[PDB]
Amino acid sequence: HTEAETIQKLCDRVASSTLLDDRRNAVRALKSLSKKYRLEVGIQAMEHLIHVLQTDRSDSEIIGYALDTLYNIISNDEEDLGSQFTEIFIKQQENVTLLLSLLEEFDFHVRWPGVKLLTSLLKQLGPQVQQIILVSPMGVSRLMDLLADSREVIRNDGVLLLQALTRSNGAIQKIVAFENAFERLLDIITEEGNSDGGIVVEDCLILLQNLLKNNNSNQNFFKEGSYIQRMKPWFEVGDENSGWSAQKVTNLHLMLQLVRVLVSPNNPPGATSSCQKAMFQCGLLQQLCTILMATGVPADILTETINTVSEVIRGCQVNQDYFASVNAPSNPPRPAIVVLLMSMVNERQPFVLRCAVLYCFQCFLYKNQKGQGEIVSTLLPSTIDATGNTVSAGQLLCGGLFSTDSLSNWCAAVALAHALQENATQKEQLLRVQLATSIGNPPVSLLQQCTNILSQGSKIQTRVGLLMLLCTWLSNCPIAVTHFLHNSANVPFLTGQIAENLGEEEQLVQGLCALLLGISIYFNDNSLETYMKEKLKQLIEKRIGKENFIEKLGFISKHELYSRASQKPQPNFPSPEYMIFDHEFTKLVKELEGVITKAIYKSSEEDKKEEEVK
Amino acid sequence: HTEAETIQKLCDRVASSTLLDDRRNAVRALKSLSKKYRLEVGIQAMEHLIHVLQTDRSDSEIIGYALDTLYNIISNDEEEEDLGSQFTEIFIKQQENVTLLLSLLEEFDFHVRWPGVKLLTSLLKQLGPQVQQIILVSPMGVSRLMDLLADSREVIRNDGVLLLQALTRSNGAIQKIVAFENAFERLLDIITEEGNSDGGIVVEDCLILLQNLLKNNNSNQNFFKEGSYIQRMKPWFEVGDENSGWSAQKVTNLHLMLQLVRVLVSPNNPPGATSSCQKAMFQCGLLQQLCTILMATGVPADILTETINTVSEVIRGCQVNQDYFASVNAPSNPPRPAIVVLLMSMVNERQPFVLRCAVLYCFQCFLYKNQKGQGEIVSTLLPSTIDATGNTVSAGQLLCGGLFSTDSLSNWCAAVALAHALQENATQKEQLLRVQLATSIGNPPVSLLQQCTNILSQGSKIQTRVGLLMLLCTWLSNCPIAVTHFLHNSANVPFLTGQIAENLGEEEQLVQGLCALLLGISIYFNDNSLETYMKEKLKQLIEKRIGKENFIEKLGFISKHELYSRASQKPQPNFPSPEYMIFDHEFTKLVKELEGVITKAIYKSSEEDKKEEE
């Protein structure tokens, strides 16, 4: 009965006794038992503790202890009982709005544990408790007053409460922004010394990400409110004095994240465009770029600053044109793009950096036909000649394309593919590129050499890279398709690969050969005699079987790695073995998989009608 | 010099010297220094070692010394997955060097043939596509190599099985020849001779070689079956009843035997092939023998699991085989029909994850294209026709039980099992609407349809909700009457629009996209019988409260989820641990089927919808 009925007796007191002192004492006893006998105190004490909160409001002290005891029952912040009791506490709507009332009180011993309790509830039944507060009249606004509390333990734990209130809840994120959240949280971060400001800067950065991430209205306010310029001082860093703390790197990671959130490729493209421009004009883009010249910067901060710059420029000419204008101070001063490509094909750089550098290269080229022409024309040199050395973009791409490192081959092929992407003009130009073979042997075009590599016992990653280039190059480009089929070795290589009984490690390659062949049909103009289109269909029927051809084509989208690649532009590869798919390439596969599939069926009698009907 | 000229004198000696005995010792010297200074011994001895083989054939002592050395230079068999492939390249640069090796294998002498076989096997492991094509083109190369299986010296035959593995890997042409040359009979006899699964490494190797000949090779599969070889598998699974003590090698051998059965009934085969084999397997009693294993004792966990997966494919889509499996019972405590034993283990929190996935696959294979079976599951949820002797759990009870369990695995499995009872069966989709669940004394029934939906707002685990929505989507697709029953409850449409419009975090975006698909299905298969939520009202609500392009982004999260492509590959559930149990294979096809058309149905206008309503 003692350690069991003992609690029952303390409960009789709180319920039954008329002297505030007797009740108060008994709640303080429970406050201490609450830790070691969490289950027992909760099952018996809870109804009673709430009654105290309802009826003993003149005695701040006893309230402070009812709350302390409740926190102790409900909280899993230490670590089941947490949600079990949270469900019981909240099943009466009014128990939470009561809690709201109690936080309007100034007494440290009432408000602090109130804050901590409500936070524990919001992290355990978020949606439910957020909804109770949202519908309460001005419930969210009043909780916002906790940021005006001069006391620090209260204000700081108040930020943590707003994290929990705001999480996954767009209506609340808007109200919180309405109530001056941005100005006030940026001021706290400014006052704590930006990235140097310890734990509280982190929880304010976390809270800001809750407010902006995928929340279009708040992002727009953030921009219209001119709050982007407040981001600029965060990145006046690096410099030197290279003992950065764990907390500083952590804080600056969260800061780079907020910038990227505002220029996310998944946003409505107007909003990202607007923020890109806003970033070029307050100097934020240019500041970040400076982080990348400095010494002292930790590698992973370097790595994410590159990924951030990438998205600040993506598809925005002034910002792309700017980025290219920058030059690193070095014996050869080297343009920015040249510098990215050197790191991308450097076997000695970490994988994570090599992927950031590629992404940056790709964002540079996106919707940028001038930049796309500038890359391609360095492979057709004319009005540049020997100064006694110098190293060019196209030289680095070729060096990577035919290198011994499958990572370099893959990166060089995808980087080239982004130079051709939605640019027929440059696909025609790249067909002009000729490679020297040996002293006194004819040259081989870049097109044919990329194709030759697929039959030479190359690693599967090299072959995947190259076939993506090849598919991108021929797609939507009939003279590409003409030049390709013109070499008689190519259609038989493809048909033999597609027909072969290849093991599972080679089936992605097999499927990409299906797509390339099918591109050479769909985008065929019939201008070449001996591989028209109907010839090619019948060759598929004869050698592979139409159904089998389509099955193999279907391997591309069923590859275990495809889906993930389709989610966003940034390379998302946990390690080298996962570098297989490119994001824009997954889009090409979706646009064409279906139209090739009909194209390929539909018989000859239909086809001469179809080649009369168009 | 005194380390590398100690090589070149010998080379000079092998070439220069005119006495056989002198050259022979020159070569014997070199051999014993081969697997020791590989690099240098390879870089200059190789052209002379070949010359030797190419002329000194009357003396088979020096030939085996030449072959041994050459194996020590080329082989990487020591190294357990460099110089190996550097020298294989050099060696095969002369087409004829390989065909000269094939000539040496015809020699009976043990000291020539055995290094010959090991050397040719190493070349094939290291550059298979090249070496395989050399051998295939030469006058009856493959055919001659088959003779090695007929060698009465075990060592040579056993290592000849390995050569045939490397010769046939990934090569459909060589696979055909080896089959035509009586490979099946001759490997099935070896297996029978060495005593089936108890026949050690030799049987493991013949099982791999059979797998090479059968997997994804339709012509070879068709020949395996027409030639009555399926009945040669039956003895392999007379794996007698009791106390265990199975060796590691016995379990390996059985795993590979089970894999061969599955090869023949693969869902990835043309359906005819698979169907014909399934029949063939019932007729010779193979299905029955595999089912006997499931009842036995002392059967290791892993062989049990894989037998379940094997039986699954044997019965999948074959009515007679499905009827047979259904009619088997355990004797257990009282009886228990097979289906019920599967379902009990599926909903058993203490069964292994892999075992729980196996029984699910089995159940799904029992229902596939089996409308009768689908009917019998669903009719048990309508318990009419049946009363109790107290005890006797049914299929339905266990499915409902699991569907409301606390364990999310059981919820997902119960919901998926249930979705397979409805597939392509409008009749049962309409019958399941009749199911009414009891709540509590004096209170209204809650239908199963609506109760499945309720769970989605009740703070359930993500896995629980993913399962339930796959079920709801399957249930409503092509069932206008189920779309009516769903919409009719007024809380359902506001709940979905709410979920889709909310700023949910990444861990919940699959559920959000599934809510969109659900909402889209109730628009696409609406017949306008329900005035409150007609087709056109719903299209407008989407615009109002979420935005159409937004709705499609959400709808698009399903195919983009990282685990989606993998699930789309094959029928068997493919989950490395419990957290990965997310998508059902057949559901992924529903998504491919409806997304383009839903997307297209949503956009249009209203004016056009008058004429789509026309």
Side-chain angles (χ1 to χ4, degrees), chain A residues 83 86-87 124-128 130-131 166-174 210-218 266 268 455-457 496-497 499-507 510 545 547-548 551 554-568 572 581 586 590 593-594, chain B residues 85 88-89 126-130 132-133 168-176 212-220 268 270 457-459 498-499 501-509 512 547 549-550 553 556-570 574 583 585 588 592 596:
Chain A
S83 63
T86 301
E87 273 275 61
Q124 299 189 53
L125 289 180
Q128 267 162 280
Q130 285 170 10
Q131 178 58 27
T166 56
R167 186 171 183 279
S168 295
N169 191 318
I172 303 331
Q173 289 153 2
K174 180 179 272 320
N210 289 12
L211 288 178
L212 302 150
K213 189 166 181 180
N214 305 335
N215 187 312
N216 292 324
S217 260
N218 278 0
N266 321 307
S455 68
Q456 285 176 353
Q497 285 282 283
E500 186 54 281
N501 190 9
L502 291 188
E504 208 200 298
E505 80 280 343
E506 298 292 336
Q507 277 173 342
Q510 187 169 36
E547 288 184 86
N548 291 112
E551 180 180 59
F555 297 164
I556 311 158
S557 67
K558 299 186 192 72
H559 192 280
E560 61 257 43
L561 291 177
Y562 176 96
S563 287
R564 197 180 194 83
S566 78
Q567 287 174 356
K568 62 192 168 57
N572 189 350
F581 281 114
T586 69
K590 174 156 50 168
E593 186 174 337
Chain B
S85 62
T88 295
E89 284 280 26
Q126 304 202 60
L127 294 171
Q130 281 170 262
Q132 285 170 166
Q133 182 56 31
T168 44
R169 183 172 178 278
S170 287
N171 192 302
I174 289 50
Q175 275 160 24
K176 200 149 298 324
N212 282 11
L213 292 170
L214 289 162
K215 182 174 198 135
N216 305 343
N217 185 325
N218 300 323
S219 291
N220 279 6
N268 270 10
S457 42
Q458 270 168 28
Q499 292 282 279
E502 187 56 292
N503 197 9
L504 289 158
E506 182 142 351
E507 79 281 310
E508 220 119 58
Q509 278 170 324
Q512 198 171 29
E549 292 182 28
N550 223 284
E553 180 198 43
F557 292 167
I558 304 180
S559 62
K560 289 188 175 100
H561 185 286
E562 53 274 12
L563 285 189
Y564 181 86
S565 343
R566 179 169 233 116
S568 81
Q569 291 178 4
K570 57 193 175 57
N574 193 343
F583 283 104
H585 173 75
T588 68
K592 173 146 49 164

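So that the names make sense, note that chain A is the first sequence line, chain B the second, and so on, each numbered from 1.
- Heavy-atom distances place both the backbone and the side chain of A:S566 under 4.5 Å from chain B.
- Atom CD of B:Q458 has more than 12 neighbouring heavy atoms from other residues, nucleotides or ligands inside a 6.0 Å radius.
- Of the listed residues (A:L502, A:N169, A:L125), the one with the most heavy-atom contacts under 4.5 Å to chain B is A:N169.
- Looking at A:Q507, the atoms closer than 4.5 Å to chain B (heavy atoms on both sides) all sit in the side chain, from C-beta outward.
- From A:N548, atom CG reaches atom CG of B:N218 across 7.0 Å, with rounding to the nearest 0.5 Å.
- Options B:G556, B:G172, B:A173 differ in how many heavy-atom pairs under 4.5 Å they form with chain A, and the most are formed by B:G172.
- B:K215 touches chain A through its backbone: at least one of N, CA, C or O sits under 4.5 Å from a heavy atom, while the side chain does not.
- The salt bridge (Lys or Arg N to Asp or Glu O under 4.0 Å) test applied to A:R564 returns no partner, not counting sequence neighbours.
- The contact between B:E502 and chain A is made entirely by side chain atoms (from C-beta outward), counting heavy-atom distances below 4.5 Å.
- The 12-atom threshold is exceeded at CD of B:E508, counting heavy atoms of other residues, nucleotides or ligands nearer than 6.0 Å.
- The salt bridge (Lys or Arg N to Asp or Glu O under 4.0 Å) check on A:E505 picks up B:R169, with sequence neighbours excluded.
- Between A:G503 and B:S170 the shortest heavy-atom distance is N-OG, 3.2 Å.
- Only the side chain of A:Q173 has a heavy atom closer than 4.5 Å to any heavy atom of chain B.
- Heavy-atom distances place the side chain of A:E551, and not its backbone, under 4.5 Å from chain B.
- Residues B:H561 and A:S563 approach most closely at O-CB, 3.2 Å, considering heavy atoms.
- Taken to the nearest 0.5 Å, the CG atom of A:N501 stands 9.5 Å off from the CG atom of B:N212.
- Expressed to the nearest 0.5 Å, how far NZ of A:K558 lies from OH of B:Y564 amounts to 10.0 Å.
- Remark: A:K590 NZ is loosely packed, at most 12 non-hydrogen atoms of other residues, nucleotides or ligands lying under 6.0 Å away.
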